[PDB]
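Undergrad: Okay, handing you the structure first.
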Amino acid sequence: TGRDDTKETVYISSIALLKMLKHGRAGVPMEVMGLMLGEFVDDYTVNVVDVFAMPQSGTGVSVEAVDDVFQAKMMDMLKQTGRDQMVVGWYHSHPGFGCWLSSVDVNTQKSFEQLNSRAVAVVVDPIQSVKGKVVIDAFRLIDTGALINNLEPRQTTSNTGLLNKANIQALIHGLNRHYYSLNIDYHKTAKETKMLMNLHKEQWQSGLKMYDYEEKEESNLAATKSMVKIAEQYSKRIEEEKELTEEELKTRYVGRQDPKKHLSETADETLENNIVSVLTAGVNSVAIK
Amino acid sequence: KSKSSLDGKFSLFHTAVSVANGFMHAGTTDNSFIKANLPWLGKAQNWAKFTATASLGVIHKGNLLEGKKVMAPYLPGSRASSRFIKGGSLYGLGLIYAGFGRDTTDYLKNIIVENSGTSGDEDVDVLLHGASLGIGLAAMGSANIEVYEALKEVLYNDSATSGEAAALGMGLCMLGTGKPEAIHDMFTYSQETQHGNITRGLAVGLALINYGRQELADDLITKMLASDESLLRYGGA
Amino acid sequence: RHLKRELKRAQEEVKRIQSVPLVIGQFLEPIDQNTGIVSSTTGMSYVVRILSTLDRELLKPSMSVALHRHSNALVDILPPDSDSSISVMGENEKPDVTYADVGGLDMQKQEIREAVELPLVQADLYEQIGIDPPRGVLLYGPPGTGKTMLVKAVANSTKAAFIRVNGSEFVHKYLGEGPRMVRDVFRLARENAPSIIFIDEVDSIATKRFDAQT
Amino acid sequence: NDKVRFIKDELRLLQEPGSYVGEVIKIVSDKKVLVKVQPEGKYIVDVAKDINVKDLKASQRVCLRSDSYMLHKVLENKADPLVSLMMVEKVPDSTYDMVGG
Amino acid sequence: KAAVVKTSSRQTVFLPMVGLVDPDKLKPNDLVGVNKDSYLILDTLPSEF
Amino acid sequence: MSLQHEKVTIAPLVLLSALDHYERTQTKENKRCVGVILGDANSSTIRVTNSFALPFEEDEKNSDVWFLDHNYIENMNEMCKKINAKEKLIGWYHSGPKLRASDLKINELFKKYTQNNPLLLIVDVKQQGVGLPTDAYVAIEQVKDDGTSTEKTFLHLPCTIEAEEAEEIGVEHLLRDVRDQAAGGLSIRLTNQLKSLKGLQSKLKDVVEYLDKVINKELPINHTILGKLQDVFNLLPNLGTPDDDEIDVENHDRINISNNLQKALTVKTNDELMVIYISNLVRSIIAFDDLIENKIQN
Amino acid sequence: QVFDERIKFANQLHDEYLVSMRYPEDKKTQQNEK
Amino acid sequence: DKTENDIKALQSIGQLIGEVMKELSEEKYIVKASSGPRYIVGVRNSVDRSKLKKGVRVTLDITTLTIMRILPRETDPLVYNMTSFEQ
Amino acid sequence: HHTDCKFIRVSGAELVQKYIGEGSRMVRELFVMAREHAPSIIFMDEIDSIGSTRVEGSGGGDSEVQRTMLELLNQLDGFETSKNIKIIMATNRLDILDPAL
Ligand SMILES: Nc1ncnc2c1ncn2[C@@H]1O[C@H](COP(=O)(O)OP(=O)(O)NP(=O)(O)O)[C@@H](O)[C@H]1O
Ligand SMILES: [Mg+2]
């Protein structure tokens, strides 16, 4: 019968993830562009080793803006280093709207389907993302033909599928009738993790430096006064507070913005701090002489 | 119910009906389901059609003698219309013949050696996935080393989806032996393979082979949990 | 102990959302204790989640409010004091204390003190006799008698709040833009009481006869 | 355990951009309602699936989503400037003997 | 060097003066072309009254 | 040249690039990867944005013998200018770890390109030193005393990382670790106090053995070090001083304040004791009433 | 020396609170309630 | 050099102007944008807290909405024309 | 106080309101809102000293918006039949008031 037609779990390296973020953010508002370099093996494995952002084009995402002079040139330099990788798709940002292929972009992505048969269009939306995690999705062309010939069920085998409910109407219609969405995973080695994880030794050298000690008194003093003012409302609150029905009590004795909670919070902050302050002061003194 | 509500063209639905029904009629042959749900059956495609032939073996569990007979047109040689049929019959045979006779293991063993080259042809990848699950089932608790060697050759070929099937198949055959040479090879290979399905297969196989292995699996557990891969930790557990 | 770390990290995440960038809106009325309706600066009416443990006592009175930009939700509240009416760039506060306000018209300087300084400073006195707080003060005379300066001096050194506005702040070219500032002055004073209201230009605003010719 | 869920859950709610507020002008025979989205123009937009057109009435103020504008929940209390004005003015405490003669 | 444009998009933008476009040629209340994405003074336009 | 070099901030991106590049050029058996570093310069903060490997060969037999490809440096410049124009050629990274005297010689070719003293960014690839995964060093030319010829030498500068906004935000989603230091709760910093002492102790012992090595193994005496150690003995608090007595007073106050905060927490914990009891008392009645009512109904 | 002890006494209070507190609650959760 | 100057501006990208509507804190400032909607923004570290004064014209990122720097007073044309005369 | 109704002071023109839409027709819309929020005493304070020129003139769009409100009290007769909306007006002088009253 038919081929599996299971969209690739797109293993987008940590290096590729950070790198789309830089180009895309700085380049606001102009919708940026570039190719994704990687390797496709098996039926559902693409690893995107690296990406590179093509020079800005004032035309915006267009068939104009995809260009082979840049394509050739970067790859020829990577020949010299042996870091050469084939074009396996393209990324761009729509930052002025969420992650979904435009009517113009579906024509464009089809050109790339001729180049490479497992070509992706990965829309990275940089302004609207607040963390570089949410509103980022991956796509791959599903023909017009598929829609007519009821071949969409073949297309979603061996997958869990991803729906983006938000953004509808039009946009959603186009999305459903153009591409297929699948989960995006981030792969990294643990040598990378250790780098990410790393800081310095001057990190702890700073952690042995001590503030001026009058300022520390200021904080201890302040806390005591701080807590006096909120201890009156707490004092008032528990005078009676026996009256039937909890919901009523919450308005009457101000159980919202809870004074009991707020007192324990301030006490506890100042307390953990003053244990570190006495400890550090003693450690330094005995250590040195 | 199955025909009326659940749609046969949609693949996920069709898998659910095939599995529920396979059990309904299990442990005695039944062709009642084929006949009732005949139009329904023609709709099938892709992996819905692999599951459709393998369903037959869950149904036909027991009645061992007539197990082979019914599966006769679907085998390779007698079928080359559809690779999903060819492959899902061999999985299907192995269900009936789970833990029973070793005359069956022999047949499947031939098919593995034939295709342990290039699984790069499209038909071959599907075929060889079923063959590999199939022979593992058939050889359960035999501790046939011949089987084990055959499924190594699939692994090292680095067949796309059959790599997983083979890895599982080893642990089902050699069930509970804790042969150390087997343990060493699997564990080491799983690091090399970058493709996750093959990796999952070997993680889980390492557990199977150490069935009832008690405190002699203790060497294995420390390595798998400490392995930085999430995959090996999952099978570690 | 494992769940303590999750909890702590869970609060940290919410602080990023709470943080800048933000956009100002104006909390309208409740629809419900824990869901309310707001209007933005952009005229759009958003029905928004009231995040847990926030202000309620004052939140429900139409009051100025902040909205997280990307969530378009009520993540934290502003004082009514925030977003003060259109008001003079320099200090309300008087930088001089040397004062010629003392040396000559001294009798009038005490009088102003009597009406204005004496209730705020000593509330106690008033409570015992039983009077209502003394009534407003109109200052009129020929100009070049330092009227706007004798009273300024007092506000400055009493160190009760001082709101110094002109009719020129209020005046507007639009439709209904003047009055919305006027409502803000009266309330703004109540919020931050004891409080001193002085409108320097009021002459211009008052007319002998009303007209609508233009 | 319960507390950490609540903090997380609130965060997940806030995510949804927009969310609006209209008023049903009328009910129509395809099972849609004509909404006047209060700042924006008019839109004809379906009822939520959960509530039927029998439940709704003329001039019902409603909440609205923003990703499809499909109705969310009916407003418990009518959004109108007048409501806020009452709040401020407060319940009269004055009586006839406050003013003598 | 710097330019305050008030756009026809009804926005107000403080943009780095493009160095290619001369400081001389430019003047207050010159009519000018401006790039559509990123707001920079792209070119100068015959004025209309 | 510019002497402005004060801090060198290094994006998490440069590090990821350099690792990857080292392993894709399959430079091994202490085959050096030498690649270019791009970013801003002639600033107090040098903002190190990116790196790309250059073709490179290093021969183990003799270290004078290496290749570096001139034209590649040139080709990259017009490409990188278009991509982001704030980038300039600023020097080269070395795989390290070792600090070579072949780096004086490589710096001289980079010195042709650069408008600053060539920035040598030693990005350790083995990551043995967990802390300091980076060293930064700038080529200077300075009058060497004792009637010796002017020397070109490497003076350490702060290589410490700061990160850009765009990079940082994604990194933070990935991790959830308590890292080397987060300064989190009490637990986290309490660990820190032990670790940090241990940092110092390590540092300190090495200074002790360095002094043996001057007089046993005849290192040329680096007088700079000796200068710093004089400042340590001299600005060393002296004990028996009445300053120490003052210190003890400050200690007395804070330990007291802790005691008063401890008591206030007792009042909070004590309130919870009663409220839960109140609740139990009502519930006893709720459950009793179930039993009697089930009997009556039946 | 004096103050060190006073802290320990408060802590000992807290513990006494915590243990006792939970013993009625067991009873009630186990009992049926309306 | 002249043509290279355009490449460099392109990466700079435009900015939005408001004005310091009211100081509330050193940490956070309330600005009212000239085009419209009032925003609460953050301060950048090189710009000083005291350069910031009420009524000073400020420039801010479009993207992050964070006060980059003070601008000189960007006078209305009417008062700009009176200054402009040298007789 | 004794009547026990919602005493909503609306002081002045509702051209001050500008929250949604123009404030002009919000004057007129008062009827609708008072009905929903009954029991209500609408205390319309408005002296009508916005110009003597338009008190005695034919000019004045303020006069037009005012007028459309008065008509709603006698076309719709929502307030009259089931009285719970009292229309309490207050002007300093009987003689500076609009003559349609
Ligand atoms: N305590 C005072 N006694 C006498 N004259 C005063 C006093 N204080 C200020 N002056 C004088 O008043 C002049 C103007 O002060 P100013 O504040 O303008 O007054 P005013 O009466 O409010 N009138 P106007 O300028 O019309 O608002 C000064 O130039 C002083 O000479
Ligand atoms: Mg005056």
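As shown in the structure tokens, the chain order sets the letters A, B, ...; within each chain, residues go from 1, and ligands are also counted from 1 in the order they appear.
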Can you pull out every residue with an atom within 6 Å of ligand 1? Use only C-alpha atoms and all ligand atoms and format it as a PyMOL selection string.

TA: chain C and resi 100-101+104-105+143-149

Undergrad: Suppose we keep N, CA and C atoms; can you now write the selection as a compact mmCIF listing (two decimals), in the first residue's frame?

TA:
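For reference, selection-v6.txt as written:
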```txt
# COMPACT_ATOMS: atom_id res chain seq x y z
N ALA C 100 10.09 85.99 53.78
CA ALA C 100 9.71 87.34 54.07
C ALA C 100 8.24 87.27 54.37
N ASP C 101 7.70 86.11 54.43
CA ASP C 101 6.35 85.77 54.70
C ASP C 101 6.03 85.94 56.20
N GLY C 104 6.63 91.00 57.94
CA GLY C 104 5.46 91.64 57.31
C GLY C 104 4.53 90.68 56.66
N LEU C 105 3.26 91.12 56.41
CA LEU C 105 1.99 90.53 56.74
C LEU C 105 2.05 89.33 57.71
N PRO C 143 -3.32 92.28 44.20
CA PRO C 143 -2.22 91.42 44.01
C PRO C 143 -1.02 92.27 44.20
N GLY C 144 0.17 91.65 44.29
CA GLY C 144 1.28 92.14 45.14
C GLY C 144 1.11 92.35 46.65
N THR C 145 0.48 91.28 47.23
CA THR C 145 0.40 91.12 48.67
C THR C 145 0.94 89.75 49.01
N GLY C 146 1.50 89.00 48.02
CA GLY C 146 2.10 87.68 48.21
C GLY C 146 1.17 86.63 48.74
N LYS C 147 -0.07 86.55 48.21
CA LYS C 147 -1.10 85.67 48.69
C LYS C 147 -0.69 84.21 48.48
N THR C 148 -0.08 83.85 47.29
CA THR C 148 0.17 82.53 46.76
C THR C 148 1.44 81.97 47.27
N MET C 149 2.01 82.67 48.25
CA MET C 149 3.40 82.53 48.70
C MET C 149 3.38 82.38 50.22
```

Undergrad: Neighbouring residues of residue H:17 were defined as those with any atom within 9 Å, considering only C-alpha atoms; residues of the same chain fewer than 6 positions away were excluded. Please report them as a ChimeraX atom specification.

TA: /E:12-14 /H:32-35,57-62,71

Undergrad: Okay, now the selection with N, CA and C atoms, as an mmCIF file, in the first residue's frame?

TA:
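This went into selection.cif:
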```cif
data_model
loop_
_atom_site.group_PDB
_atom_site.id
_atom_site.type_symbol
_atom_site.label_atom_id
_atom_site.label_comp_id
_atom_site.auth_asym_id
_atom_site.auth_seq_id
_atom_site.Cartn_x
_atom_site.Cartn_y
_atom_site.Cartn_z
ATOM 1 N N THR E 12 5.114 57.484 15.630
ATOM 2 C CA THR E 12 6.152 58.420 15.775
ATOM 3 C C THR E 12 7.364 57.666 16.157
ATOM 4 N N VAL E 13 8.462 57.852 15.370
ATOM 5 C CA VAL E 13 9.617 56.974 15.495
ATOM 6 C C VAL E 13 10.890 57.809 15.446
ATOM 7 N N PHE E 14 11.884 57.542 16.280
ATOM 8 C CA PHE E 14 13.109 58.242 16.422
ATOM 9 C C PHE E 14 13.999 57.262 15.820
ATOM 10 N N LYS H 32 4.486 57.814 29.010
ATOM 11 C CA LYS H 32 3.330 57.936 28.168
ATOM 12 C C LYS H 32 3.858 58.124 26.852
ATOM 13 N N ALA H 33 3.559 57.187 25.943
ATOM 14 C CA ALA H 33 4.042 57.319 24.594
ATOM 15 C C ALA H 33 3.355 58.446 23.826
ATOM 16 N N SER H 34 4.044 59.161 22.911
ATOM 17 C CA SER H 34 3.563 60.270 22.146
ATOM 18 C C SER H 34 2.418 59.788 21.249
ATOM 19 N N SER H 35 2.618 58.534 20.595
ATOM 20 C CA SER H 35 1.600 57.947 19.739
ATOM 21 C C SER H 35 0.440 57.474 20.508
ATOM 22 N N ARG H 57 12.099 64.067 27.623
ATOM 23 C CA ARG H 57 11.783 63.218 26.498
ATOM 24 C C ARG H 57 12.751 62.064 26.557
ATOM 25 N N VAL H 58 12.273 60.821 26.405
ATOM 26 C CA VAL H 58 13.029 59.582 26.507
ATOM 27 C C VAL H 58 12.769 58.781 25.310
ATOM 28 N N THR H 59 13.780 57.914 25.049
ATOM 29 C CA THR H 59 13.746 56.916 23.989
ATOM 30 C C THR H 59 13.959 55.594 24.678
ATOM 31 N N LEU H 60 13.298 54.617 24.037
ATOM 32 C CA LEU H 60 13.031 53.302 24.531
ATOM 33 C C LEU H 60 13.058 52.414 23.314
ATOM 34 N N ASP H 61 13.431 51.132 23.521
ATOM 35 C CA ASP H 61 13.345 50.005 22.580
ATOM 36 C C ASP H 61 11.856 49.882 22.193
ATOM 37 N N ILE H 62 11.685 49.484 20.941
ATOM 38 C CA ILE H 62 10.405 49.102 20.478
ATOM 39 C C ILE H 62 10.134 47.728 21.034
ATOM 40 N N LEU H 71 16.564 61.826 25.409
ATOM 41 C CA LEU H 71 16.715 62.694 24.243
ATOM 42 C C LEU H 71 16.559 64.103 24.751
#
```

Undergrad: So which residues touch stretch 102-110 of chain B within 9 Å, counting only C-alpha atoms, skipping near sequence neighbours fewer than 5 positions away, as a list in words?

TA: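 These residues fall inside the cut-off: residues 90, 93, 94, 97, 131, 132, 134, 135, 136, 137, 138, 139, 142, 146, 147 and 150 of chain B.
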
Undergrad: Within 12 Å of residue D:88, counting only C-alpha atoms, which residues show up once you throw out same-chain ones fewer than 6 positions away? Write them as a PyMOL selection string, please.

TA: (chain C and resi 28-29+58+60-63+187) or (chain D and resi 81-82) or (chain I and resi 6-10)

Undergrad: Can I get the selected residues back with C-alpha atoms, as an mmCIF file, in the first residue's frame?

TA:
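Saved as out_38.cif:
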```cif
data_model
loop_
_atom_site.group_PDB
_atom_site.id
_atom_site.type_symbol
_atom_site.label_atom_id
_atom_site.label_comp_id
_atom_site.auth_asym_id
_atom_site.auth_seq_id
_atom_site.Cartn_x
_atom_site.Cartn_y
_atom_site.Cartn_z
ATOM 1 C CA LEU C 28 -13.581 49.020 35.885
ATOM 2 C CA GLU C 29 -15.944 46.880 37.948
ATOM 3 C CA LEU C 58 -9.573 48.900 46.675
ATOM 4 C CA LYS C 60 -13.128 47.021 42.835
ATOM 5 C CA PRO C 61 -13.569 50.875 42.963
ATOM 6 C CA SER C 62 -12.730 52.087 39.468
ATOM 7 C CA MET C 63 -9.037 52.508 39.846
ATOM 8 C CA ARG C 187 -10.232 61.712 45.144
ATOM 9 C CA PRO D 81 -20.731 52.497 33.683
ATOM 10 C CA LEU D 82 -23.775 52.929 35.929
ATOM 11 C CA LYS I 6 -30.260 52.479 44.483
ATOM 12 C CA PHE I 7 -29.478 56.200 44.741
ATOM 13 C CA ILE I 8 -27.100 56.643 41.695
ATOM 14 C CA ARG I 9 -25.873 60.247 41.455
ATOM 15 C CA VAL I 10 -25.197 61.001 37.773
#
```

Undergrad: Please list as a list in words every residue within 10 Å of residue C:89, counting only C-alpha atoms and excluding residues in the same chain fewer than 5 positions away.

TA: residues 21, 22, 53, 54, 55 and 56 of chain H

Undergrad: Convert the current residue selection to file output with N, CA and C atoms, as a PDB file, in the first residue's frame.

TA:
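Saved to part_4.pdb:
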```pdb
ATOM      1  N   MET H  21       6.371  60.338  32.223  1.00  0.00           N
ATOM      2  CA  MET H  21       5.069  60.747  32.682  1.00  0.00           C
ATOM      3  C   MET H  21       5.139  61.001  34.181  1.00  0.00           C
ATOM      4  N   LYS H  22       5.847  60.177  35.010  1.00  0.00           N
ATOM      5  CA  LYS H  22       5.910  60.264  36.419  1.00  0.00           C
ATOM      6  C   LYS H  22       6.878  59.245  36.821  1.00  0.00           C
ATOM      7  N   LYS H  53      14.094  62.737  34.724  1.00  0.00           N
ATOM      8  CA  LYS H  53      13.315  63.791  35.448  1.00  0.00           C
ATOM      9  C   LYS H  53      12.014  63.812  34.711  1.00  0.00           C
ATOM     10  N   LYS H  54      11.054  64.328  35.363  1.00  0.00           N
ATOM     11  CA  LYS H  54       9.689  64.424  34.929  1.00  0.00           C
ATOM     12  C   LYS H  54       9.688  65.444  33.824  1.00  0.00           C
ATOM     13  N   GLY H  55       9.167  65.039  32.609  1.00  0.00           N
ATOM     14  CA  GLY H  55       9.043  65.911  31.495  1.00  0.00           C
ATOM     15  C   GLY H  55      10.177  65.739  30.630  1.00  0.00           C
ATOM     16  N   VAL H  56      11.105  64.773  30.837  1.00  0.00           N
ATOM     17  CA  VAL H  56      12.189  64.693  29.920  1.00  0.00           C
ATOM     18  C   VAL H  56      11.777  63.805  28.856  1.00  0.00           C
TER      19      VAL H  56
END
```

Undergrad: Taking the chain letters and numbering used in this document, name the residues of stretch 11-60 of chain D that DSSP puts in helix (DSSP H, G or I), as a list in words.

TA: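 Reading the DSSP output for stretch 11-60 of chain D, helix (DSSP H, G or I) covers residues 11, 12, 13 and 14 of chain D.
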
Undergrad: Keeping N, CA, C and O atoms, export the residues of the selection given above as an mmCIF file, in the first residue's frame.

TA:
```cif
data_model
loop_
_atom_site.group_PDB
_atom_site.id
_atom_site.type_symbol
_atom_site.label_atom_id
_atom_site.label_comp_id
_atom_site.auth_asym_id
_atom_site.auth_seq_id
_atom_site.Cartn_x
_atom_site.Cartn_y
_atom_site.Cartn_z
ATOM 1 N N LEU D 11 -0.833 30.461 36.167
ATOM 2 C CA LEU D 11 0.137 30.818 35.151
ATOM 3 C C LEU D 11 -0.380 30.307 33.779
ATOM 4 O O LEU D 11 -0.337 31.025 32.797
ATOM 5 N N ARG D 12 -0.934 29.065 33.719
ATOM 6 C CA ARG D 12 -1.330 28.425 32.497
ATOM 7 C C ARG D 12 -2.580 29.180 31.907
ATOM 8 O O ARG D 12 -2.641 29.314 30.666
ATOM 9 N N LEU D 13 -3.471 29.690 32.783
ATOM 10 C CA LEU D 13 -4.644 30.464 32.402
ATOM 11 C C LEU D 13 -4.261 31.780 31.695
ATOM 12 O O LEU D 13 -4.987 32.099 30.744
ATOM 13 N N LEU D 14 -3.268 32.554 32.235
ATOM 14 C CA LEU D 14 -2.922 33.912 31.873
ATOM 15 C C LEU D 14 -2.422 33.928 30.376
ATOM 16 O O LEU D 14 -2.546 34.958 29.693
#
```

Undergrad: I need the strand (DSSP E) residues of chain E per DSSP on the backbone, written as a list in words.

TA: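 Matching residues for strand (DSSP E) in chain E are residues 2, 3, 4, 5, 6, 12, 13, 14, 15, 16, 32, 33, 34, 41, 42, 43 and 44 of chain E.
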
Undergrad: Using the selection just defined, write its residues with C-alpha atoms as an mmCIF file, in the first residue's frame.

TA:
```cif
data_model
loop_
_atom_site.group_PDB
_atom_site.id
_atom_site.type_symbol
_atom_site.label_atom_id
_atom_site.label_comp_id
_atom_site.auth_asym_id
_atom_site.auth_seq_id
_atom_site.Cartn_x
_atom_site.Cartn_y
_atom_site.Cartn_z
ATOM 1 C CA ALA E 2 19.214 61.995 14.166
ATOM 2 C CA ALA E 3 15.746 62.260 12.569
ATOM 3 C CA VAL E 4 12.222 62.491 14.098
ATOM 4 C CA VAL E 5 9.719 61.175 11.490
ATOM 5 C CA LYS E 6 5.996 61.289 11.959
ATOM 6 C CA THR E 12 6.152 58.420 15.775
ATOM 7 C CA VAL E 13 9.617 56.974 15.495
ATOM 8 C CA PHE E 14 13.109 58.242 16.422
ATOM 9 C CA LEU E 15 15.374 56.690 13.863
ATOM 10 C CA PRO E 16 19.242 56.775 13.333
ATOM 11 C CA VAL E 32 10.522 61.455 2.422
ATOM 12 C CA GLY E 33 10.349 57.801 1.609
ATOM 13 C CA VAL E 34 10.884 55.450 4.473
ATOM 14 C CA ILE E 41 14.894 57.324 5.826
ATOM 15 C CA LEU E 42 15.262 55.544 2.603
ATOM 16 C CA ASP E 43 15.030 58.346 0.025
ATOM 17 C CA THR E 44 13.614 61.877 -0.545
#
```
